[PDB]
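Okay, final-v3.cif now, which holds mmCIF, C-alpha atoms:
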```
data_work
#
loop_
_atom_site.label_atom_id
_atom_site.label_comp_id
_atom_site.auth_asym_id
_atom_site.auth_seq_id
_atom_site.Cartn_x
_atom_site.Cartn_y
_atom_site.Cartn_z
CA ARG A 1 -30.23 -10.75 20.89
CA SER A 2 -28.88 -13.06 18.12
CA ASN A 3 -29.72 -11.03 14.95
CA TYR A 4 -26.14 -11.56 13.56
CA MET A 5 -25.80 -15.32 14.37
CA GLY A 6 -25.45 -18.20 11.85
CA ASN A 7 -23.69 -16.10 9.21
CA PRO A 8 -22.32 -18.60 6.59
CA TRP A 9 -20.14 -15.71 5.20
CA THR A 10 -17.91 -15.12 8.36
CA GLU A 11 -14.70 -16.91 7.16
CA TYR A 12 -15.09 -15.75 3.55
CA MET A 13 -15.74 -12.10 4.59
CA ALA A 14 -12.81 -11.86 7.10
CA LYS A 15 -10.47 -10.39 4.39
CA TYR A 16 -12.94 -7.43 3.90
CA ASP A 17 -12.61 -6.37 7.60
CA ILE A 18 -9.90 -3.86 6.70
CA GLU A 19 -9.44 -2.50 10.33
CA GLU A 20 -8.66 -6.03 11.39
CA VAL A 21 -6.61 -7.45 8.43
CA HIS A 22 -4.82 -4.22 7.31
CA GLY A 23 -5.13 -2.01 10.45
CA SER A 24 -3.67 1.21 9.00
CA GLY A 25 -4.17 3.89 6.34
CA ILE A 26 -4.47 2.85 2.67
CA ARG A 27 -4.35 6.14 0.65
CA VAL A 28 -1.71 7.32 3.17
CA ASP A 29 -0.22 4.71 5.53
CA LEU A 30 1.78 6.14 8.52
CA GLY A 31 0.25 3.84 11.14
CA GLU A 32 3.38 3.38 13.27
CA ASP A 33 6.08 5.45 14.96
CA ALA A 34 9.83 4.58 15.10
CA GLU A 35 12.46 6.27 17.33
CA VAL A 36 15.80 6.90 15.52
CA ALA A 37 18.67 8.57 17.52
CA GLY A 38 16.22 10.54 19.73
CA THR A 39 13.85 11.73 16.92
CA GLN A 40 10.39 10.11 16.39
CA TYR A 41 9.50 9.18 12.80
CA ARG A 42 6.30 7.95 11.12
CA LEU A 43 6.25 4.89 8.92
CA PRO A 44 3.84 2.68 6.88
CA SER A 45 2.50 -0.30 8.84
CA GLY A 46 -0.49 -1.83 6.96
CA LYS A 47 -0.58 -5.66 7.00
CA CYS A 48 -2.00 -5.91 3.45
CA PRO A 49 -0.41 -5.14 0.05
CA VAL A 50 -2.00 -2.12 -1.76
CA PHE A 51 -2.48 -3.15 -5.46
CA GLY A 52 -2.05 -0.40 -8.10
CA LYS A 53 -0.84 2.35 -5.71
CA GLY A 54 1.80 4.83 -6.82
CA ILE A 55 2.87 8.40 -5.99
CA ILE A 56 2.26 11.24 -8.50
CA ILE A 57 5.03 13.93 -8.21
CA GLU A 58 3.87 17.36 -9.62
CA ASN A 59 1.87 15.76 -12.54
CA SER A 60 4.69 13.24 -13.31
CA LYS A 61 3.49 9.59 -13.04
CA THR A 62 6.90 8.23 -14.33
CA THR A 63 9.30 9.62 -11.65
CA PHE A 64 8.58 8.23 -8.08
CA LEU A 65 10.55 4.90 -8.59
CA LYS A 66 13.63 6.84 -9.77
CA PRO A 67 16.34 7.01 -7.03
CA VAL A 68 16.29 9.95 -4.59
CA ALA A 69 18.60 12.91 -5.57
CA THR A 70 22.20 12.53 -4.27
CA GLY A 71 25.44 14.60 -4.16
CA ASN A 72 25.25 17.57 -6.58
CA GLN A 73 21.74 16.71 -7.94
CA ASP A 74 18.88 19.07 -7.18
CA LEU A 75 16.06 17.47 -5.07
CA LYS A 76 13.54 17.62 -8.03
CA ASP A 77 15.97 15.60 -10.26
CA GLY A 78 15.33 12.46 -8.15
CA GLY A 79 12.39 10.31 -7.09
CA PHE A 80 11.57 8.35 -3.88
CA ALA A 81 13.64 5.16 -4.26
CA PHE A 82 16.80 4.02 -2.51
CA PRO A 83 19.93 5.38 -4.26
CA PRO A 84 22.58 2.95 -5.73
CA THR A 85 24.84 1.26 -3.15
CA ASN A 86 27.93 -1.04 -3.34
CA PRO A 87 26.81 -3.84 -3.49
CA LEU A 88 23.40 -2.87 -5.01
CA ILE A 89 20.45 -3.46 -2.62
CA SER A 90 17.79 -1.62 -4.64
CA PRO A 91 16.23 -2.23 -7.06
CA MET A 92 16.47 -6.07 -6.99
CA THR A 93 14.60 -8.62 -9.16
CA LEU A 94 12.64 -11.48 -7.54
CA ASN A 95 15.35 -13.93 -8.76
CA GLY A 96 18.05 -11.62 -7.34
CA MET A 97 16.38 -11.63 -3.91
CA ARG A 98 15.83 -15.46 -3.91
CA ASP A 99 19.56 -15.89 -4.76
CA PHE A 100 20.63 -13.25 -2.17
CA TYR A 101 18.71 -15.08 0.64
CA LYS A 102 19.43 -18.73 -0.55
CA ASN A 103 20.99 -19.74 2.89
CA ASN A 104 17.98 -18.31 4.82
CA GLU A 105 15.16 -20.90 4.88
CA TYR A 106 12.88 -18.31 6.67
CA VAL A 107 13.20 -15.80 3.78
CA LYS A 108 14.16 -17.53 0.47
CA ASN A 109 10.67 -19.12 -0.21
CA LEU A 110 8.45 -16.16 0.79
CA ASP A 111 6.00 -15.00 -1.87
CA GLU A 112 7.25 -12.06 -4.07
CA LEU A 113 5.38 -9.30 -2.12
CA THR A 114 6.35 -10.52 1.39
CA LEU A 115 9.95 -11.12 0.12
CA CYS A 116 10.07 -7.50 -1.22
CA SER A 117 8.76 -6.20 2.16
CA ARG A 118 11.32 -8.32 4.16
CA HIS A 119 14.20 -7.23 1.80
CA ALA A 120 13.20 -3.54 2.27
CA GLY A 121 13.12 -4.17 6.07
CA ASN A 122 16.67 -5.67 6.00
CA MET A 123 19.08 -2.64 5.84
CA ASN A 124 18.76 -0.72 9.09
CA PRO A 125 20.33 2.78 9.59
CA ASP A 126 23.50 2.65 11.78
CA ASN A 127 21.97 5.65 13.74
CA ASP A 128 18.97 3.36 14.66
CA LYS A 129 20.35 1.53 17.79
CA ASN A 130 17.13 -0.51 18.39
CA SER A 131 16.45 -1.46 14.70
CA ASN A 132 12.98 0.23 14.77
CA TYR A 133 13.00 1.85 11.34
CA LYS A 134 12.03 -0.37 8.37
CA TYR A 135 11.59 1.19 4.95
CA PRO A 136 8.42 0.59 2.83
CA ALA A 137 8.76 -0.72 -0.78
CA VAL A 138 7.12 -0.92 -4.20
CA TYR A 139 7.01 -4.20 -6.12
CA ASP A 140 6.71 -3.88 -9.92
CA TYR A 141 4.95 -6.93 -11.50
CA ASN A 142 5.97 -5.82 -15.06
CA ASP A 143 9.69 -6.56 -14.57
CA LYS A 144 9.54 -8.43 -11.15
CA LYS A 145 11.57 -5.70 -9.39
CA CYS A 146 11.48 -4.77 -5.71
CA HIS A 147 12.17 -1.01 -5.19
CA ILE A 148 13.08 0.04 -1.60
CA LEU A 149 11.65 3.52 -0.99
CA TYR A 150 14.01 5.92 0.80
CA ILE A 151 11.05 8.38 1.13
CA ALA A 152 8.19 6.92 3.24
CA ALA A 153 6.05 10.10 2.79
CA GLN A 154 3.06 9.60 0.44
CA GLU A 155 1.37 13.03 0.31
CA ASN A 156 2.52 16.71 0.33
CA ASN A 157 0.02 19.24 -1.23
CA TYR A 158 5.23 23.25 2.50
CA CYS A 159 5.90 22.46 -1.20
CA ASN A 160 6.67 24.59 -4.31
CA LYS A 161 12.92 26.04 -7.97
CA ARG A 162 14.81 22.72 -8.47
CA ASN A 163 15.98 22.37 -4.81
CA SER A 164 12.69 23.20 -3.04
CA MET A 165 10.44 20.35 -1.74
CA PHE A 166 8.27 18.78 -4.51
CA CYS A 167 4.45 18.42 -4.23
CA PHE A 168 3.10 14.85 -4.35
CA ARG A 169 -0.07 12.75 -3.89
CA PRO A 170 -0.99 9.00 -3.83
CA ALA A 171 -3.20 7.49 -6.59
CA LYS A 172 -4.35 4.48 -8.63
CA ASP A 173 -3.50 5.13 -12.31
CA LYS A 174 -3.04 3.11 -15.52
CA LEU A 175 0.75 3.72 -15.15
CA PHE A 176 0.70 2.23 -11.58
CA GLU A 177 -1.52 -0.81 -12.39
CA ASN A 178 1.43 -3.30 -12.02
CA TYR A 179 2.79 -1.68 -8.82
CA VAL A 180 2.15 -2.86 -5.25
CA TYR A 181 2.78 -0.52 -2.30
CA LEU A 182 4.25 -2.53 0.61
CA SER A 183 4.78 -1.51 4.21
CA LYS A 184 7.26 -3.29 6.56
CA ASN A 185 4.32 -5.26 8.08
CA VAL A 186 2.94 -7.05 4.94
CA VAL A 187 1.79 -10.50 6.25
CA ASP A 188 3.26 -13.66 4.69
CA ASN A 189 -0.27 -15.10 4.12
CA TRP A 190 -1.76 -11.92 2.47
CA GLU A 191 -3.06 -14.19 -0.40
CA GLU A 192 -5.39 -15.90 2.15
CA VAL A 193 -6.34 -12.95 4.45
CA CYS A 194 -6.15 -9.76 2.24
CA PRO A 195 -8.27 -8.52 -0.71
CA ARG A 196 -6.88 -8.67 -4.29
CA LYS A 197 -9.59 -9.55 -6.86
CA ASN A 198 -12.76 -7.57 -7.58
CA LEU A 199 -15.85 -9.77 -7.17
CA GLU A 200 -17.82 -10.11 -10.41
CA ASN A 201 -21.66 -10.50 -10.14
CA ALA A 202 -21.44 -9.62 -6.43
CA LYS A 203 -22.34 -6.75 -4.20
CA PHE A 204 -21.28 -6.24 -0.61
CA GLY A 205 -24.07 -6.38 1.97
CA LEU A 206 -24.75 -6.73 5.75
CA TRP A 207 -25.94 -10.11 7.26
CA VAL A 208 -29.12 -9.52 9.36
CA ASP A 209 -31.71 -12.12 10.58
CA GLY A 210 -30.53 -14.89 8.21
CA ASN A 211 -30.40 -12.70 5.06
CA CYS A 212 -27.82 -10.55 3.22
CA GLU A 213 -29.22 -6.97 3.23
CA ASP A 214 -28.09 -3.93 1.22
CA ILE A 215 -25.59 -1.42 2.78
CA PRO A 216 -28.27 1.05 4.13
CA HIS A 217 -26.42 4.26 3.25
CA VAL A 218 -23.95 4.72 0.35
CA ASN A 219 -22.20 7.73 -1.29
CA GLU A 220 -22.81 7.67 -5.04
CA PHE A 221 -19.99 8.70 -7.39
CA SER A 222 -20.36 8.27 -11.15
CA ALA A 223 -17.62 6.06 -12.68
CA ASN A 224 -17.09 5.07 -16.34
CA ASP A 225 -15.71 1.61 -15.45
CA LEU A 226 -14.42 -0.63 -12.60
CA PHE A 227 -10.95 1.07 -12.74
CA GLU A 228 -12.48 4.53 -12.18
CA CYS A 229 -14.59 3.13 -9.31
CA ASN A 230 -11.47 1.54 -7.73
CA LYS A 231 -9.58 4.91 -8.10
CA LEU A 232 -12.44 6.80 -6.33
CA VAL A 233 -12.63 4.26 -3.43
CA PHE A 234 -8.80 4.58 -3.02
CA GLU A 235 -9.03 8.46 -3.07
CA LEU A 236 -11.61 8.29 -0.20
CA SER A 237 -10.09 5.43 1.81
CA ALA A 238 -8.35 5.26 5.24
CA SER A 239 -5.72 8.06 5.49
CA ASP A 240 -3.03 8.71 8.13
CA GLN A 241 -2.16 12.07 6.57
CA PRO A 242 -2.01 14.94 9.15
CA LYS A 243 -5.31 16.84 8.99
CA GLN A 244 -3.79 19.81 10.94
CA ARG A 245 -4.22 11.67 16.44
CA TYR A 246 -3.23 11.33 12.74
CA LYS A 247 -3.81 7.48 12.77
CA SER A 248 -6.89 5.99 10.96
CA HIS A 249 -6.09 2.44 12.17
CA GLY A 250 -7.81 1.37 8.89
CA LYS A 251 -11.07 3.31 9.39
CA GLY A 252 -12.46 4.97 6.23
CA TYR A 253 -14.44 4.71 2.94
CA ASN A 254 -12.56 1.50 1.94
CA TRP A 255 -15.30 -0.35 0.00
CA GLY A 256 -17.37 0.28 -3.13
CA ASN A 257 -20.23 -1.51 -4.88
CA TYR A 258 -19.78 -0.83 -8.59
CA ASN A 259 -22.98 -0.94 -10.65
CA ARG A 260 -21.59 -1.50 -14.23
CA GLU A 261 -25.01 -0.76 -15.86
CA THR A 262 -25.90 2.52 -14.06
CA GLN A 263 -22.13 3.35 -13.92
CA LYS A 264 -22.36 4.24 -10.20
CA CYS A 265 -19.58 3.68 -7.65
CA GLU A 266 -21.55 3.16 -4.32
CA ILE A 267 -18.93 4.04 -1.69
CA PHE A 268 -19.27 3.23 2.06
CA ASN A 269 -17.23 3.23 5.31
CA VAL A 270 -18.75 0.28 7.27
CA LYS A 271 -17.33 -3.26 6.91
CA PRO A 272 -19.44 -5.63 4.72
CA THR A 273 -20.38 -9.00 6.29
CA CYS A 274 -21.89 -10.90 3.30
CA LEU A 275 -22.30 -10.90 -0.53
CA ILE A 276 -25.45 -10.56 -2.70
CA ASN A 277 -25.38 -12.27 -6.13
CA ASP A 278 -26.28 -9.47 -8.62
CA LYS A 279 -25.03 -9.55 -12.28
CA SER A 280 -25.13 -5.69 -12.43
CA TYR A 281 -22.42 -5.41 -9.71
CA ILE A 282 -18.67 -5.73 -9.04
CA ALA A 283 -17.44 -5.52 -5.39
CA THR A 284 -14.21 -3.52 -5.01
CA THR A 285 -12.01 -2.31 -2.12
CA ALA A 286 -9.32 0.42 -1.93
CA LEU A 287 -6.73 -2.41 -1.43
CA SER A 288 -7.97 -4.37 -4.51
CA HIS A 289 -6.31 -4.48 -7.94
CA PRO A 290 -8.08 -1.90 -10.23
CA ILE A 291 -8.64 -4.51 -13.05
CA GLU A 292 -8.54 -8.20 -11.93
CA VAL A 293 -11.88 -9.93 -11.35
CA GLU A 294 -12.92 -13.30 -9.79
CA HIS A 295 -15.78 -14.50 -12.10
CA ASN A 296 -17.13 -17.10 -9.65
CA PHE A 297 -19.70 -16.47 -6.93
CA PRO A 298 -19.13 -16.34 -3.81
CA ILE B 1 8.05 22.71 8.87
CA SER B 2 10.65 20.39 10.51
CA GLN B 3 7.61 19.00 12.44
CA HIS B 4 5.55 18.96 9.16
CA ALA B 5 8.25 16.85 7.37
CA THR B 6 8.06 14.36 10.32
CA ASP B 7 4.20 14.45 10.32
CA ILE B 8 4.05 13.55 6.57
CA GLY B 9 6.53 10.66 6.91
CA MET B 10 9.99 12.06 5.91
CA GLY B 11 12.61 9.71 7.41
CA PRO B 12 16.07 10.11 9.02
CA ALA B 13 19.05 11.61 7.11
CA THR B 14 21.07 8.38 6.91
CA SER B 15 24.36 7.48 5.25
CA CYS B 16 25.35 3.96 6.45
CA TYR B 17 23.23 0.80 7.01
CA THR B 18 23.72 -2.68 8.49
CA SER B 19 21.65 -5.78 7.64
CA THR B 20 19.25 -7.22 10.22
CA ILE B 21 19.17 -10.53 8.25
CA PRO B 22 22.49 -12.51 8.56
CA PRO B 23 25.37 -12.02 7.60
CA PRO B 24 26.14 -8.54 9.11
CA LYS B 25 27.15 -6.26 6.18
CA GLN B 26 27.68 -2.45 6.08
CA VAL B 27 26.28 -0.53 3.08
CA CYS B 28 26.79 3.24 2.64
CA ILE B 29 25.37 5.88 0.31
CA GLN B 30 28.62 7.20 -1.38
CA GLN B 31 27.13 10.71 -2.01
CA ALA B 32 24.81 12.44 0.56
CA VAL B 33 21.01 12.51 -0.08
CA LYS B 34 19.78 16.04 -1.11
CA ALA B 35 17.94 17.59 1.90
#
```
So that I can check it, write out the structure of this file as structure tokens.
Amino acid sequence: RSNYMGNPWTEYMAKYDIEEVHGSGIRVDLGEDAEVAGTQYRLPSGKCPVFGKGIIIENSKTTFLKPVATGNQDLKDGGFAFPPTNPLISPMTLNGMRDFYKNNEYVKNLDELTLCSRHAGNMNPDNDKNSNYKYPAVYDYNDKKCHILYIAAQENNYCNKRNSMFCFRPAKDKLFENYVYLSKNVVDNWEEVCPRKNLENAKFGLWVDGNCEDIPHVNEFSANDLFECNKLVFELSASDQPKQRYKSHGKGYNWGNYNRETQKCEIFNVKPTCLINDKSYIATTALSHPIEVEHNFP
Amino acid sequence: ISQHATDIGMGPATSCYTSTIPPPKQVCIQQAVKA
């Protein structure tokens, strides 16, 4: 029957269909495989930018963008970023990248996030005959710097001793609020087809028989503010981390309806198909920025 | 453990790189990455 027909929300709600628009893990994105000199590797592949995502290394929230340990350094002295090269490839400012690609009309005018992704996808290992492997990156809005990540791993907690493998986990945090985690597949029109802003005075719902109905079942987590609700949705979202096949393809608890008055983060794993206008609510996603709101309804 | 490093996303031990965006340019890590 036609219970889902005549939905005026279809185009507007397309960006909230995370399996379709992102198509990979969020918390941990390892949605693709790449063969390099006989060995199979895992790599981030989500089509959307992940706003406010960083990696916490053994309590330290200020280390993951530091270059990876080289030469005589012990492994725990470094972070996850590409080490210095001659000439320098990473980090590079937005202006530095626009200047670097000035003769390339297909690259030079890309938005900052897509440009960072394409710059990180540029240098290919000489061992990689088929150019399969493309590094992920972090864009820092505070100083407009693109950081190529040499380490594509996002979680490890097999971990411990300065030379032993460090323990690490992904998270939204005040210290990561200006970061953007970018896979090699970030789409050039993410602004149009991916989430970013939290929706003020709105709650996600499901369109049924010409009306926007409430999500029938939600998982209630208490949250002091929108930021804490966004952190909880991220912690529960699509994950490609090995549980022991290890690909979520974007499936997970990716959405939350934040009631600012009851201070409840109403978390769910089914895609929303409409919005309800309710002044008590803010609609968030695991991909969304933990602070920014869009005051206007829709 | 070797399999675990691959399953969590650890990438290839790589020293030299070549651009996929023109012009072709070689870039090498002067000192080896701590493994």
Checklist entry - Could you write out as a ChimeraX atom specification the residues that the PyMOL selection byres ((chain B and resi 31) around 9) matches in the shown file? => result /A:70-72 /B:15,28-30,32-33
Residues as selected, C-alpha atoms, written as a PDB file, in the frame of the given file, can you do that?
```pdb
ATOM      1  CA  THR A  70      22.200  12.530  -4.270  1.00  0.00           C
ATOM      2  CA  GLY A  71      25.440  14.600  -4.160  1.00  0.00           C
ATOM      3  CA  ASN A  72      25.250  17.570  -6.580  1.00  0.00           C
TER       4      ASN A  72
ATOM      5  CA  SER B  15      24.360   7.480   5.250  1.00  0.00           C
ATOM      6  CA  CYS B  28      26.790   3.240   2.640  1.00  0.00           C
ATOM      7  CA  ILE B  29      25.370   5.880   0.310  1.00  0.00           C
ATOM      8  CA  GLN B  30      28.620   7.200  -1.380  1.00  0.00           C
ATOM      9  CA  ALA B  32      24.810  12.440   0.560  1.00  0.00           C
ATOM     10  CA  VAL B  33      21.010  12.510  -0.080  1.00  0.00           C
TER      11      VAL B  33
END
```
Next on the checklist: Quick one: residues within 6 Å of residue A:50, only C-alpha atoms, excluding same-chain residues fewer than 4 positions away - as a VMD selection string?
Outcome noted: chain A and resid 180 to 181 287
Next on the checklist: Tell me as a PyMOL selection string which residues belonging to chain A come within 9 Å of chain B, counting all atoms listed in the file.
Outcome noted: chain A and resi 30+36+39-44+68-75+83-89+101+104+119+121-127+131+133+135+150-156+158+163+165+240-242+246
Checklist entry - Rounded to one decimal in Å, what is the spacing between atom CA of residue A:29 and atom CA of residue A:238? => result 8.2 Å
Item to check | Selection: 12 Å around residue A:232, only C-alpha atoms, excl. self and same-chain fewer than 2 positions, as a ChimeraX atom specification | outcome: /A:27,170-173,219-230,234-237,253-258,264-268,284-287,290
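Pairwise distance (atom CA of residue A:183, atom CA of residue A:270) equals 23.8 Å.
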Checklist entry - Which neighbours of residue A:184 fall inside 9 Å, counting only C-alpha atoms, when residues of the same chain fewer than 2 positions from it are skipped, and could you give them as a ChimeraX atom specification? => result /A:43-47,114,117-118,120-121,134-137,182,186
How would the residues just chosen look if you wrote them out with C-alpha atoms as a JSON list (two decimals), in the frame of the given file?
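Okay, selection34.json is ready:
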```json
[["chain", "number", "residue", "atom", "x", "y", "z"],
["A", 43, "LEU", "CA", 6.25, 4.89, 8.92],
["A", 44, "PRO", "CA", 3.84, 2.68, 6.88],
["A", 45, "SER", "CA", 2.50, -0.30, 8.84],
["A", 46, "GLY", "CA", -0.49, -1.83, 6.96],
["A", 47, "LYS", "CA", -0.58, -5.66, 7.00],
["A", 114, "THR", "CA", 6.35, -10.52, 1.39],
["A", 117, "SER", "CA", 8.76, -6.20, 2.16],
["A", 118, "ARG", "CA", 11.32, -8.32, 4.16],
["A", 120, "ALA", "CA", 13.20, -3.54, 2.27],
["A", 121, "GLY", "CA", 13.12, -4.17, 6.07],
["A", 134, "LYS", "CA", 12.03, -0.37, 8.37],
["A", 135, "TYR", "CA", 11.59, 1.19, 4.95],
["A", 136, "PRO", "CA", 8.42, 0.59, 2.83],
["A", 137, "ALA", "CA", 8.76, -0.72, -0.78],
["A", 182, "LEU", "CA", 4.25, -2.53, 0.61],
["A", 186, "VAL", "CA", 2.94, -7.05, 4.94]]
```
Checklist entry - Evaluating the PyMOL selection byres ((chain A and resi 283) around 6) on the displayed file yields which residues, as a VMD selection string? => result chain A and resid 198 to 199 202 to 203 257 282 284
Write the selection just made, keeping C-alpha atoms, as a PDB file, in the coordinates of the input?
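That gives us part-v1.pdb:
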```pdb
ATOM      1  CA  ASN A 198     -12.760  -7.570  -7.580  1.00  0.00           C
ATOM      2  CA  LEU A 199     -15.850  -9.770  -7.170  1.00  0.00           C
ATOM      3  CA  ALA A 202     -21.440  -9.620  -6.430  1.00  0.00           C
ATOM      4  CA  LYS A 203     -22.340  -6.750  -4.200  1.00  0.00           C
ATOM      5  CA  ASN A 257     -20.230  -1.510  -4.880  1.00  0.00           C
ATOM      6  CA  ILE A 282     -18.670  -5.730  -9.040  1.00  0.00           C
ATOM      7  CA  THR A 284     -14.210  -3.520  -5.010  1.00  0.00           C
TER       8      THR A 284
END
```
Next on the checklist: Between atom CA of residue A:207 and atom CA of residue A:281, what distance in Å does the model show, to one decimal?
Outcome noted: 18.0 Å
Checklist entry - Which residue, A:48, A:167, A:138, A:149, has the smallest gap to residue A:15 when you use all atoms listed in the file? => result A:48
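Every protein or nucleic acid residue with an atom no more than 12 Å from residue A:178, counting all atoms listed in the file and leaving out same-chain residues fewer than 2 positions away, appears here: residues 50, 51, 52, 53, 54, 138, 139, 140, 141, 142, 143, 144, 145, 146, 172, 173, 174, 175, 176, 180, 181, 289, 290, 291 and 292 of chain A.
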Generate the output file for the selected residues, C-alpha atoms, as a PDB file, keeping the file's coordinate frame.
```
ATOM      1  CA  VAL A  50      -2.000  -2.120  -1.760  1.00  0.00           C
ATOM      2  CA  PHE A  51      -2.480  -3.150  -5.460  1.00  0.00           C
ATOM      3  CA  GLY A  52      -2.050  -0.400  -8.100  1.00  0.00           C
ATOM      4  CA  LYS A  53      -0.840   2.350  -5.710  1.00  0.00           C
ATOM      5  CA  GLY A  54       1.800   4.830  -6.820  1.00  0.00           C
ATOM      6  CA  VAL A 138       7.120  -0.920  -4.200  1.00  0.00           C
ATOM      7  CA  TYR A 139       7.010  -4.200  -6.120  1.00  0.00           C
ATOM      8  CA  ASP A 140       6.710  -3.880  -9.920  1.00  0.00           C
ATOM      9  CA  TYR A 141       4.950  -6.930 -11.500  1.00  0.00           C
ATOM     10  CA  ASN A 142       5.970  -5.820 -15.060  1.00  0.00           C
ATOM     11  CA  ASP A 143       9.690  -6.560 -14.570  1.00  0.00           C
ATOM     12  CA  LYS A 144       9.540  -8.430 -11.150  1.00  0.00           C
ATOM     13  CA  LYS A 145      11.570  -5.700  -9.390  1.00  0.00           C
ATOM     14  CA  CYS A 146      11.480  -4.770  -5.710  1.00  0.00           C
ATOM     15  CA  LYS A 172      -4.350   4.480  -8.630  1.00  0.00           C
ATOM     16  CA  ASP A 173      -3.500   5.130 -12.310  1.00  0.00           C
ATOM     17  CA  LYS A 174      -3.040   3.110 -15.520  1.00  0.00           C
ATOM     18  CA  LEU A 175       0.750   3.720 -15.150  1.00  0.00           C
ATOM     19  CA  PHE A 176       0.700   2.230 -11.580  1.00  0.00           C
ATOM     20  CA  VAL A 180       2.150  -2.860  -5.250  1.00  0.00           C
ATOM     21  CA  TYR A 181       2.780  -0.520  -2.300  1.00  0.00           C
ATOM     22  CA  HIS A 289      -6.310  -4.480  -7.940  1.00  0.00           C
ATOM     23  CA  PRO A 290      -8.080  -1.900 -10.230  1.00  0.00           C
ATOM     24  CA  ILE A 291      -8.640  -4.510 -13.050  1.00  0.00           C
ATOM     25  CA  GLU A 292      -8.540  -8.200 -11.930  1.00  0.00           C
TER      26      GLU A 292
END
```
Checklist entry - Looking at all atoms listed in the file, which of A:61, A:249, A:279, A:231 is the one that sits closest to residue A:261? => result A:279
Selection near residue A:271, 10 Å with all atoms listed in the file, sequence-local residues under 5 positions removed, as a compact mmCIF listing (two decimals) with C-alpha atoms, in the frame of the given file:
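Result written to result_29.txt:
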```txt
# COMPACT_ATOMS: atom_id res chain seq x y z
CA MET A 13 -15.74 -12.10 4.59
CA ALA A 14 -12.81 -11.86 7.10
CA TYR A 16 -12.94 -7.43 3.90
CA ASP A 17 -12.61 -6.37 7.60
CA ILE A 18 -9.90 -3.86 6.70
CA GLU A 19 -9.44 -2.50 10.33
CA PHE A 204 -21.28 -6.24 -0.61
CA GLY A 205 -24.07 -6.38 1.97
CA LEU A 206 -24.75 -6.73 5.75
CA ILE A 215 -25.59 -1.42 2.78
CA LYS A 251 -11.07 3.31 9.39
CA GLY A 252 -12.46 4.97 6.23
CA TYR A 253 -14.44 4.71 2.94
CA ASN A 254 -12.56 1.50 1.94
CA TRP A 255 -15.30 -0.35 0.00
```
Please extract stretch 2-11 of chain B and write it out with N, CA, C and O atoms, as a compact mmCIF listing (two decimals), in the first residue's frame.
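The resulting file, selection_34.txt, is shown below:
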```txt
# COMPACT_ATOMS: atom_id res chain seq x y z
N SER B 2 49.71 -9.50 14.07
CA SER B 2 50.06 -8.91 12.78
C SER B 2 48.71 -8.70 12.08
O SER B 2 48.47 -7.63 11.51
N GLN B 3 47.81 -9.71 12.20
CA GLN B 3 46.46 -9.71 11.67
C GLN B 3 45.64 -8.63 12.39
O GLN B 3 44.95 -7.86 11.72
N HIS B 4 45.76 -8.53 13.74
CA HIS B 4 45.08 -7.52 14.56
C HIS B 4 45.43 -6.09 14.11
O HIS B 4 44.53 -5.25 14.00
N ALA B 5 46.73 -5.81 13.85
CA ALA B 5 47.18 -4.50 13.38
C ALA B 5 46.51 -4.14 12.05
O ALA B 5 46.07 -3.00 11.88
N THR B 6 46.34 -5.13 11.15
CA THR B 6 45.68 -4.99 9.86
C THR B 6 44.15 -4.79 10.05
O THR B 6 43.54 -3.98 9.35
N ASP B 7 43.56 -5.53 11.01
CA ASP B 7 42.12 -5.48 11.29
C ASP B 7 41.70 -4.13 11.90
O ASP B 7 40.57 -3.71 11.67
N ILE B 8 42.60 -3.45 12.64
CA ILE B 8 42.32 -2.15 13.25
C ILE B 8 42.68 -0.96 12.33
O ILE B 8 42.38 0.17 12.66
N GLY B 9 43.29 -1.23 11.18
CA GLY B 9 43.60 -0.17 10.23
C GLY B 9 45.03 0.31 10.09
O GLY B 9 45.25 1.30 9.38
N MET B 10 46.02 -0.37 10.73
CA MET B 10 47.44 0.00 10.58
C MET B 10 47.84 -0.24 9.11
O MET B 10 47.48 -1.27 8.53
N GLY B 11 48.47 0.77 8.52
CA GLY B 11 48.83 0.77 7.10
C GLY B 11 50.21 0.23 6.76
O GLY B 11 50.93 -0.24 7.65
```
